[PDB]
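This document opens with one chain alone, in structure tokens, the form deposited in one PDB entry.
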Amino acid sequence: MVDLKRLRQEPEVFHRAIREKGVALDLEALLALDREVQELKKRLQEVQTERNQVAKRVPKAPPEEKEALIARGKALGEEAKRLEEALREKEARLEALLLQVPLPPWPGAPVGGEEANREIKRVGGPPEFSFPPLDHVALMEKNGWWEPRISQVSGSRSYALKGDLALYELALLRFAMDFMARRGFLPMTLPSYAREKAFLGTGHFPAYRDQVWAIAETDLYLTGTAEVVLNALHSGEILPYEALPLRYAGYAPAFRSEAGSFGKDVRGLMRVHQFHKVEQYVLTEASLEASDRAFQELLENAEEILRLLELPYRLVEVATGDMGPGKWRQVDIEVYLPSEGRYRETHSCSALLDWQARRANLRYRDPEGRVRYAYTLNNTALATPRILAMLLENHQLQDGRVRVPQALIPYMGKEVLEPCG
């Protein structure tokens, strides 16, 4: 949500945002609609208040003038319900539209879709294997580390891990939570469902509605990221300046409808409906430099986890067309997946300024007593099973076993994932 005041004052700024980000929104039609709502609230002021006057004149009016006043009162009331109900219809239309206005991207955002994305940096590289490398599904198949029968039970885009890899999954999630807690984020284990209001807050509703699974006969939705929950915790609360920046490391199961197919056909561990994710969430003050400092920390944290995971990665500046309506700036971190001879997203770091704060109503009292919308940022800390696709392929040994990175040997108990059966 954008400040309707700034929207009215400098709509060309939002017009470029709608153009470069590709939002289907007619800014001129929204702006128009707003004028009508303004107009109709004023006209409704007139009738409900002339009605106030007629009703005030009624109690001691002579019988002649008293019924004239009832007559006038009725017509005016008619008018008022007509206007009232027109306003409500128009305002709902305005709000829905307002919910589609995107934040302007940062000045250096590449303009265009995913193909405009720009590699910032690359640390580490494709492993040079002494032998012919298997892909992660073939490592799993060979060591008996996943349960293919899960598709008959739950459907496709499901996985069930077994043996050492079951254990490894859990070790990586705890690892990421421990690493976030030593970086000063407050670890939180959270639910994977939220009411609608929390999805609206983040911006997942309306634009990414397609992607969320509703829990039927409830008013709950399962969340695709712990971010829907972390962002809505302080809605309607005004935070002390001294609380800022809030740094939450939230773990929750994530659920995605994944209404959108894998061109690299369908499966393995890359795109499943249910996965586990530790999220990095920050609420900071409404300054660009506070945002920039948080974005760089969010980024370095994710890089740091990849270095401890010993994975080759690169950072990518996400183009306007691809960052989504509420993003100021987005950088993805992609890790190399040998079997596809390409980098794959494992983390997206977004800075959304106050676009989510004005929707989720997140506010703080600045050093001068002024209440302000906060700025929010988020980045993945670690999501499984997807990084398992990359750990298996980058760390596979000759025999098909997989070495665990040094930092994860305390969490596993061992240096090598053994086969199951």
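A residue's number is simply how far along the shown sequence it sits, counting from 1.
Here the subject shifts to the form deposited in another entry, a form of this protein not shown in this document.
Two rigid parts rotate against each other between the shown form and the other one, and the hinge linking them lies at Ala32 among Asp399, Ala32, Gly155, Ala259. Cα of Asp265 to Cα of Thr380: at least 3 Å shorter in that other deposited form than in the shown structure.
In that other deposited form, the Cα atoms of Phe262 and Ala381 sit 3 Å or more farther from each other than they do here.
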